[PDB]
Each structure stands twice: as structure tokens, then as C-alpha cells.
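Next comes model_1.pdb, a file with PDB, C-alpha atoms.
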ATOM      1  CA  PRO P 197     169.196 -25.495  52.547
ATOM      2  CA  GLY P 198     165.833 -24.196  53.729
ATOM      3  CA  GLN P 199     166.350 -21.037  51.683
ATOM      4  CA  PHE P 200     165.440 -19.841  48.212
ATOM      5  CA  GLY P 201     167.853 -21.287  45.664
ATOM      6  CA  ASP P 202     168.537 -24.540  47.536
ATOM      7  CA  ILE P 203     168.014 -26.297  44.205
ATOM      8  CA  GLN P 204     169.080 -24.548  41.003
ATOM      9  CA  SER P 205     169.324 -25.046  37.247
ATOM     10  CA  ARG P 206     170.243 -22.682  34.410
ATOM     11  CA  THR P 207     167.181 -23.581  32.350
ATOM     12  CA  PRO P 208     163.963 -25.572  33.129
ATOM     13  CA  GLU P 209     165.000 -28.282  30.657
ATOM     14  CA  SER P 210     168.632 -28.483  31.784
ATOM     15  CA  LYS P 211     170.144 -31.682  33.150
ATOM     16  CA  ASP P 212     172.754 -29.618  34.996
ATOM     17  CA  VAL P 213     171.374 -29.377  38.516
ATOM     18  CA  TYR P 214     172.861 -27.959  41.699
ATOM     19  CA  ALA P 215     171.418 -28.952  45.044
ATOM     20  CA  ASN P 216     172.219 -28.466  48.711
ATOM     21  CA  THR P 217     169.630 -30.156  50.906
ATOM     22  CA  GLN P 218     171.980 -31.439  53.609
ATOM     23  CA  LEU P 219     170.617 -34.938  53.118
ATOM     24  CA  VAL P 220     171.921 -37.328  55.761
ATOM     25  CA  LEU P 221     171.276 -41.068  55.918
ATOM     26  CA  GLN P 222     170.220 -42.387  59.332
ATOM     27  CA  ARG P 223     170.188 -45.833  60.947
ATOM     28  CA  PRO P 224     166.918 -47.812  60.380
ATOM     29  CA  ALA P 225     164.674 -48.931  63.225
ATOM     30  CA  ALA P 226     165.481 -52.428  64.422
ATOM     31  CA  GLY P 227     163.419 -55.127  62.734
ATOM     32  CA  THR P 228     162.638 -52.925  59.725
ATOM     33  CA  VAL P 229     164.074 -52.102  56.300
ATOM     34  CA  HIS P 230     162.880 -48.503  56.016
ATOM     35  CA  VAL P 231     165.440 -45.821  55.178
ATOM     36  CA  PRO P 232     165.261 -42.771  57.508
ATOM     37  CA  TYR P 233     166.962 -39.514  56.653
ATOM     38  CA  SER P 234     167.397 -35.913  57.726
ATOM     39  CA  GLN P 235     166.796 -33.318  55.027
ATOM     40  CA  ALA P 236     165.900 -29.632  54.895
ATOM     41  CA  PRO P 237     162.418 -28.735  53.524
ATOM     42  CA  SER P 238     162.360 -27.080  50.112
ATOM     43  CA  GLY P 239     163.328 -23.427  50.206
ATOM     44  CA  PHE P 240     160.903 -22.853  47.363
ATOM     45  CA  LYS P 241     157.882 -23.770  49.460
ATOM     46  CA  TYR P 242     159.061 -21.542  52.282
ATOM     47  CA  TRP P 243     159.586 -18.662  49.885
ATOM     48  CA  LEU P 244     156.100 -19.002  48.412
TER      49      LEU P 244
ATOM     50  CA  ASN N   5     147.468 -47.852  31.487
ATOM     51  CA  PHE N   6     145.986 -51.363  31.257
ATOM     52  CA  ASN N   7     148.813 -52.373  28.928
ATOM     53  CA  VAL N   8     151.396 -51.500  31.585
ATOM     54  CA  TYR N   9     150.263 -53.304  34.734
ATOM     55  CA  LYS N  10     149.842 -56.693  33.049
ATOM     56  CA  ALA N  11     153.318 -57.799  34.147
ATOM     57  CA  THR N  12     153.234 -56.240  37.612
ATOM     58  CA  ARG N  13     151.954 -57.153  41.074
ATOM     59  CA  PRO N  14     150.808 -55.518  44.370
ATOM     60  CA  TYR N  15     153.128 -55.844  47.369
ATOM     61  CA  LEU N  16     152.952 -55.629  51.168
ATOM     62  CA  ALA N  17     154.685 -52.871  53.121
ATOM     63  CA  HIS N  18     155.261 -51.696  56.693
ATOM     64  CA  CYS N  19     153.077 -48.938  58.215
ATOM     65  CA  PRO N  20     153.879 -46.842  61.336
ATOM     66  CA  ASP N  21     150.230 -46.973  62.406
ATOM     67  CA  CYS N  22     147.591 -49.474  61.221
ATOM     68  CA  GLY N  23     144.811 -47.602  63.015
ATOM     69  CA  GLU N  24     145.195 -49.193  66.446
ATOM     70  CA  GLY N  25     148.263 -47.171  67.446
ATOM     71  CA  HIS N  26     150.473 -50.111  66.481
ATOM     72  CA  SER N  27     152.580 -50.828  63.408
ATOM     73  CA  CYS N  28     152.054 -53.788  61.048
ATOM     74  CA  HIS N  29     152.604 -55.039  57.512
ATOM     75  CA  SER N  30     149.685 -53.828  55.412
ATOM     76  CA  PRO N  31     148.186 -54.625  51.963
ATOM     77  CA  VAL N  32     147.736 -50.869  51.730
ATOM     78  CA  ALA N  33     150.489 -48.372  52.477
ATOM     79  CA  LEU N  34     151.559 -44.882  51.451
ATOM     80  CA  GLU N  35     154.791 -44.677  49.492
ATOM     81  CA  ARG N  36     154.620 -40.966  48.768
ATOM     82  CA  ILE N  37     152.378 -37.934  49.160
ATOM     83  CA  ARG N  38     152.627 -35.210  46.527
ATOM     84  CA  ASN N  39     151.106 -31.727  46.675
ATOM     85  CA  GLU N  40     152.691 -29.706  43.857
ATOM     86  CA  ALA N  41     149.296 -28.444  42.684
ATOM     87  CA  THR N  42     148.151 -25.155  44.199
ATOM     88  CA  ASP N  43     144.430 -25.822  43.848
ATOM     89  CA  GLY N  44     144.696 -28.078  46.904
ATOM     90  CA  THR N  45     144.453 -31.404  45.059
ATOM     91  CA  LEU N  46     146.561 -34.202  46.528
ATOM     92  CA  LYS N  47     148.268 -37.052  44.697
ATOM     93  CA  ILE N  48     148.779 -40.197  46.747
ATOM     94  CA  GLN N  49     151.022 -43.107  45.763
ATOM     95  CA  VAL N  50     149.953 -46.447  47.239
ATOM     96  CA  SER N  51     150.912 -50.130  47.088
ATOM     97  CA  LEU N  52     147.385 -50.927  45.858
ATOM     98  CA  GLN N  53     146.645 -51.153  42.145
ATOM     99  CA  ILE N  54     143.347 -49.513  41.210
ATOM    100  CA  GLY N  55     141.474 -50.246  37.972
ATOM    101  CA  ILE N  56     143.228 -53.566  37.443
ATOM    102  CA  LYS N  57     141.831 -56.887  38.649
TER     103      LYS N  57
ATOM    104  CA  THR M 110     147.289 -36.553  59.089
ATOM    105  CA  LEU M 111     146.359 -38.655  56.060
ATOM    106  CA  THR M 112     144.657 -42.057  56.153
ATOM    107  CA  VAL M 113     143.980 -44.429  53.261
ATOM    108  CA  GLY M 114     142.366 -47.864  53.250
ATOM    109  CA  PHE M 115     140.093 -50.422  51.596
ATOM    110  CA  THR M 116     137.821 -53.388  52.315
ATOM    111  CA  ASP M 117     139.261 -56.893  51.863
ATOM    112  CA  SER M 118     137.600 -59.858  50.136
ATOM    113  CA  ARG M 119     136.913 -61.184  53.630
ATOM    114  CA  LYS M 120     135.155 -57.927  54.535
ATOM    115  CA  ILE M 121     138.071 -56.916  56.745
ATOM    116  CA  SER M 122     139.052 -53.255  56.852
ATOM    117  CA  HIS M 123     142.684 -52.312  56.242
ATOM    118  CA  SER M 124     144.190 -48.843  56.469
ATOM    119  CA  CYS M 125     147.385 -46.915  57.247
ATOM    120  CA  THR M 126     147.810 -43.505  58.839
ATOM    121  CA  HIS M 127     150.778 -41.265  58.116
ATOM    122  CA  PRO M 128     151.637 -37.734  59.334
ATOM    123  CA  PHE M 129     151.075 -35.098  56.677
ATOM    124  CA  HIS M 130     150.687 -31.350  56.873
ATOM    125  CA  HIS M 131     147.835 -30.329  54.611
ATOM    126  CA  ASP M 132     147.114 -26.626  54.307
ATOM    127  CA  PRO M 133     146.814 -25.344  50.699
ATOM    128  CA  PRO M 134     148.281 -21.931  49.732
ATOM    129  CA  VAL M 135     146.123 -18.849  49.342
ATOM    130  CA  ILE M 136     145.124 -17.931  45.812
ATOM    131  CA  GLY M 137     144.520 -14.209  45.504
ATOM    132  CA  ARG M 138     144.254 -11.749  48.388
ATOM    133  CA  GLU M 139     141.300 -13.327  50.199
ATOM    134  CA  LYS M 140     141.018 -16.527  52.251
ATOM    135  CA  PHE M 141     137.982 -18.592  51.286
ATOM    136  CA  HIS M 142     136.751 -22.100  52.060
ATOM    137  CA  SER M 143     134.725 -22.672  48.888
ATOM    138  CA  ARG M 144     134.407 -21.271  45.376
ATOM    139  CA  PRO M 145     131.718 -18.534  45.012
ATOM    140  CA  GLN M 146     128.975 -18.225  42.408
ATOM    141  CA  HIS M 147     130.373 -14.810  41.485
ATOM    142  CA  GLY M 148     134.011 -13.714  41.375
ATOM    143  CA  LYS M 149     137.312 -13.284  39.515
ATOM    144  CA  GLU M 150     139.580 -15.906  37.944
ATOM    145  CA  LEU M 151     143.302 -16.214  38.718
ATOM    146  CA  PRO M 152     146.100 -18.585  37.494
ATOM    147  CA  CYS M 153     146.680 -21.788  39.516
ATOM    148  CA  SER M 154     148.018 -25.333  39.108
ATOM    149  CA  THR M 155     146.027 -28.578  38.991
ATOM    150  CA  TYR M 156     146.416 -32.259  38.167
ATOM    151  CA  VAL M 157     144.902 -33.449  34.893
ATOM    152  CA  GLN M 158     142.622 -36.507  35.075
ATOM    153  CA  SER M 159     144.274 -38.046  31.997
ATOM    154  CA  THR M 160     146.236 -41.288  32.350
ATOM    155  CA  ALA M 161     148.250 -40.694  29.175
ATOM    156  CA  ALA M 162     152.021 -41.117  29.375
TER     157      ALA M 162
ATOM    158  CA  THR W  58     119.588 -62.682  76.262
ATOM    159  CA  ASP W  59     120.029 -66.446  76.637
ATOM    160  CA  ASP W  60     123.130 -65.800  78.783
ATOM    161  CA  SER W  61     125.413 -67.368  76.180
ATOM    162  CA  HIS W  62     128.731 -65.809  75.152
ATOM    163  CA  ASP W  63     128.807 -64.306  71.661
ATOM    164  CA  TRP W  64     131.374 -61.663  70.750
ATOM    165  CA  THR W  65     129.293 -60.532  67.765
ATOM    166  CA  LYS W  66     126.243 -59.618  69.852
ATOM    167  CA  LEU W  67     125.212 -57.151  72.542
ATOM    168  CA  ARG W  68     122.092 -57.090  74.674
ATOM    169  CA  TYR W  69     120.072 -54.069  75.750
ATOM    170  CA  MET W  70     116.990 -53.376  77.823
ATOM    171  CA  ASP W  71     113.720 -52.958  75.948
ATOM    172  CA  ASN W  72     110.910 -51.884  78.256
ATOM    173  CA  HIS W  73     110.652 -54.826  80.674
ATOM    174  CA  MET W  74     112.738 -57.350  78.721
ATOM    175  CA  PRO W  75     116.353 -57.794  77.497
ATOM    176  CA  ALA W  76     116.818 -57.886  73.721
ATOM    177  CA  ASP W  77     119.632 -58.782  71.310
ATOM    178  CA  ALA W  78     121.385 -56.471  68.836
ATOM    179  CA  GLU W  79     124.311 -56.705  66.414
ATOM    180  CA  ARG W  80     127.684 -55.545  67.736
ATOM    181  CA  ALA W  81     128.458 -54.309  64.237
ATOM    182  CA  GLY W  82     126.043 -51.434  64.832
ATOM    183  CA  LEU W  83     127.952 -50.193  67.887
ATOM    184  CA  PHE W  84     129.790 -46.903  67.487
ATOM    185  CA  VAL W  85     131.727 -44.353  69.519
ATOM    186  CA  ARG W  86     132.209 -40.767  68.349
ATOM    187  CA  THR W  87     133.654 -37.427  69.455
ATOM    188  CA  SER W  88     134.632 -34.838  66.860
ATOM    189  CA  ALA W  89     135.014 -37.771  64.492
ATOM    190  CA  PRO W  90     134.358 -41.571  64.544
ATOM    191  CA  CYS W  91     136.457 -43.438  67.135
ATOM    192  CA  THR W  92     138.262 -46.746  66.745
ATOM    193  CA  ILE W  93     137.093 -49.450  69.139
ATOM    194  CA  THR W  94     139.938 -51.596  70.449
ATOM    195  CA  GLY W  95     137.761 -54.035  72.376
ATOM    196  CA  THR W  96     134.637 -54.494  74.484
ATOM    197  CA  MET W  97     133.276 -56.522  77.385
ATOM    198  CA  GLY W  98     130.099 -56.189  79.408
ATOM    199  CA  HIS W  99     129.602 -52.553  80.355
ATOM    200  CA  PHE W 100     133.075 -51.388  79.356
ATOM    201  CA  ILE W 101     134.244 -50.104  75.964
ATOM    202  CA  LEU W 102     137.835 -49.310  74.981
ATOM    203  CA  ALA W 103     138.314 -46.877  72.114
ATOM    204  CA  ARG W 104     140.806 -44.400  70.670
ATOM    205  CA  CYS W 105     139.061 -41.076  69.945
ATOM    206  CA  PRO W 106     140.115 -37.936  68.007
ATOM    207  CA  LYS W 107     140.351 -34.690  69.982
ATOM    208  CA  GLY W 108     137.034 -32.983  70.732
ATOM    209  CA  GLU W 109     134.755 -31.452  73.373
ATOM    210  CA  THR W 110     131.967 -34.050  73.347
ATOM    211  CA  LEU W 111     131.589 -37.830  73.487
ATOM    212  CA  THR W 112     128.706 -39.992  72.312
ATOM    213  CA  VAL W 113     127.857 -43.686  72.049
ATOM    214  CA  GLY W 114     125.069 -45.546  70.256
ATOM    215  CA  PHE W 115     123.829 -48.668  68.467
ATOM    216  CA  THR W 116     121.071 -49.994  66.204
ATOM    217  CA  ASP W 117     118.386 -52.080  67.919
ATOM    218  CA  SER W 118     116.357 -55.101  66.773
ATOM    219  CA  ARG W 119     113.734 -52.826  65.205
ATOM    220  CA  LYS W 120     116.320 -50.935  63.153
ATOM    221  CA  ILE W 121     115.969 -47.872  65.367
ATOM    222  CA  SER W 122     119.074 -45.861  66.177
ATOM    223  CA  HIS W 123     119.753 -45.137  69.845
ATOM    224  CA  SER W 124     122.432 -42.841  71.216
ATOM    225  CA  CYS W 125     123.474 -40.737  74.217
ATOM    226  CA  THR W 126     125.657 -37.630  74.198
ATOM    227  CA  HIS W 127     127.620 -36.133  77.080
ATOM    228  CA  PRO W 128     130.071 -33.207  77.360
ATOM    229  CA  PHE W 129     133.656 -34.361  77.737
ATOM    230  CA  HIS W 130     136.965 -32.599  77.317
ATOM    231  CA  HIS W 131     139.268 -34.897  75.393
ATOM    232  CA  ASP W 132     142.792 -33.580  74.955
ATOM    233  CA  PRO W 133     145.535 -36.183  75.605
ATOM    234  CA  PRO W 134     148.777 -35.144  77.376
ATOM    235  CA  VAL W 135     151.994 -34.600  75.456
ATOM    236  CA  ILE W 136     154.602 -37.340  75.651
ATOM    237  CA  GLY W 137     158.108 -35.961  75.253
ATOM    238  CA  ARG W 138     158.935 -32.437  74.089
ATOM    239  CA  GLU W 139     157.283 -32.606  70.669
ATOM    240  CA  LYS W 140     153.597 -32.331  69.778
ATOM    241  CA  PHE W 141     152.659 -34.904  67.149
ATOM    242  CA  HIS W 142     149.365 -36.037  65.641
ATOM    243  CA  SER W 143     150.362 -39.556  64.598
ATOM    244  CA  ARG W 144     152.833 -42.320  65.410
ATOM    245  CA  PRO W 145     156.109 -42.063  63.382
ATOM    246  CA  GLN W 146     157.932 -44.977  61.768
ATOM    247  CA  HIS W 147     161.224 -43.984  63.400
ATOM    248  CA  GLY W 148     161.932 -42.188  66.673
ATOM    249  CA  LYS W 149     162.652 -42.385  70.409
ATOM    250  CA  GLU W 150     160.759 -44.507  72.928
ATOM    251  CA  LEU W 151     159.387 -43.107  76.205
ATOM    252  CA  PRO W 152     157.338 -44.521  79.170
ATOM    253  CA  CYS W 153     153.527 -44.137  79.051
ATOM    254  CA  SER W 154     150.329 -45.714  80.397
ATOM    255  CA  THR W 155     147.708 -47.740  78.514
ATOM    256  CA  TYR W 156     144.709 -49.977  79.105
ATOM    257  CA  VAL W 157     145.372 -53.678  78.611
ATOM    258  CA  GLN W 158     142.927 -55.796  76.592
ATOM    259  CA  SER W 159     143.093 -58.434  79.344
ATOM    260  CA  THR W 160     139.887 -59.364  81.148
ATOM    261  CA  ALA W 161     141.588 -60.745  84.267
ATOM    262  CA  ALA W 162     140.244 -57.753  86.207
TER     263      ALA W 162
END

Rewrite the structure of this file - the entire thing - as C-alpha cells.
Amino acid sequence: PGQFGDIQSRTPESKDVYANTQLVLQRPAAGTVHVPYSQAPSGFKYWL
Amino acid sequence: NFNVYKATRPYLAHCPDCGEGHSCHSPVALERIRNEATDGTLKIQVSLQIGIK
Amino acid sequence: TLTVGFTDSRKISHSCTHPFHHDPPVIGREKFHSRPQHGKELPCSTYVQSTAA
Amino acid sequence: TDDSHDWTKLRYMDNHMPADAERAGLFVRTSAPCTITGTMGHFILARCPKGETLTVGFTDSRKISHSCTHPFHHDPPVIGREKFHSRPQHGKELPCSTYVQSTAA
């Protein structure tokens, strides 16, 4: 996560996808139905 | 397309800030912001439906 | 930040503000704020105005 | 100018006489247009974007724009240990001070 290669596939068209974003579901704010989460930013954007 | 939105409707959604520093349920809200393009163009997904009356 | 809104049928303004970091990547080896009358052309990505599937 | 109460109107001095004007023409600006949260008499409450100047103005009964600009350093204090530009949908809640819309005075 946060590094180049966080999401990978063998070919652009492939349905076989590896990902490691450390996505964690968090408790919603009281009175709301929104779904909060903690996730690393794309390693691709950082690399660029 | 105009042949797609015929069976759909606009919806209300919660916003973290409705301009007064307070949250509310708005007729307009941002579902997603996308910036894949490198020319600086932004794509914004909203609860509003534009081009359909 | 990014803010989007519209005017209601009752002439009431509605908008929502969300946090968003907007700072487009540099194309080429120079940092410019607008496209020049004279210059070179490099590869970049854009969104097409077409509404086709 | 008739001493009645009308939330849609403001009155201003014009030479030797008071005159009416639309409240809709009232604006507050710094580095960018400010949001007005409420008004009464000589006091205006507004939330302004960060900037080094502050100005106020309105359109009069003759459709002439009037304004006044003063220097003013506007840079709100940081609440908590993070510097943010907008209110989040989810987060922690900390003590702060505000102005109440109440006119009890």
C-alpha cells in the first residue's frame, strides 16, 4: 500500500487482479448512514 | 443518454458542509470526484440529473 | 476544496462543499499556467465530450 | 426609512436624508465572496475565505454601487492538530467559539 505495485494485473484486459490497499471499514457517525473507511492512496499517483 | 434516464429519479443526500459550516440533506451532493485525466480536467458525479427535465 | 450547487425553482441557492486536493501534474519540463501561442506538443490524457456508451 | 421592520431591506444615508435599498445587493468580500450568516442594524455576520483585505458594499436606489475597503489580516486559528480547509463528514469533536444568531444582546 502507498507504493508502486499496490494494484497489479498481468495484462490491461485481465480480470485477474491483485490489490493491497489496507482497506478498513470504520464506524459511521451517529445519525448518518455514510460509510467511512481507512485506505492508502494509490501508489501509482505517488510514483508519477 | 435520454433513453436511459427515463426510468430514473434524482435523490437527496447528506453533505458535510452546506455552505454555512453546518451539515444538511441537500438536493445537490457530490458522490465522487475523478481526476484520471492529466490535462487537469475534472469529472464530478452528482445527485443532480442534467439535461433531463 | 470543491463546491457545486444550483438555483432552485423557488430561487433558493443550494450547494455542498467537500475537501478535494486539486493540483494537476506537470506536462513537460516547464511549469506553466496557460497554453502559449507558440510551443511544442506532448502526449496527455483528456476526457472526451461524447456521451456514447 | 419609515422605521418599519423589513428583513429584505436596508437603509442608508443619502446626503441629508435616509434612503431604502435592497438587502439582496449587500455583499461582503475578502480574497473571494463571503457567505453572510445574518444581519441586524449595524452588525453583519459572515464567513470569509482567507485573505489580507476586507470589503463591504451594496447597490443604492439609483443603481449605483457603493463600497469601502480596509486592510485586514484574516487567518483563522487551527483547531486540533490538523490543518483542514473544509468540514469533514466524519471526525472528532473539539471545543470552539462562535457568534450566536440571537439578537438578545

Exercise. Considering only C-alpha atoms, extract the chain M residues located within 12 Å of chain P and return them as number ranges by chain.
Key: M: 133-136

Practice problem: With the file shown as input, list the residues that the ChimeraX specification (/M :<8) & /N selects, as a list in words. | Solution: residues 5, 19, 20, 21, 22, 23, 30, 31, 32, 33, 34, 40, 41, 42, 43, 44 and 45 of chain N

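Between atom CA of residue 146 of chain W and atom CA of residue 238 of chain P there is a distance of 21.8 Å.
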
For this file, the PyMOL selection byres ((chain W) within 10 of (chain P)) selects which residues, as a PDB file with C-alpha atoms, keeping the file's coordinate frame?
ATOM      1  CA  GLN W 146     157.932 -44.977  61.768  1.00  0.00           C
ATOM      2  CA  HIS W 147     161.224 -43.984  63.400  1.00  0.00           C
ATOM      3  CA  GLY W 148     161.932 -42.188  66.673  1.00  0.00           C
ATOM      4  CA  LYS W 149     162.652 -42.385  70.409  1.00  0.00           C
TER       5      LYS W 149
END

Practice problem: Would you mind telling me which residue in W:85, W:67, W:97, W:103 lies nearest to chain N when using all atoms listed in the file? | Solution: W:103
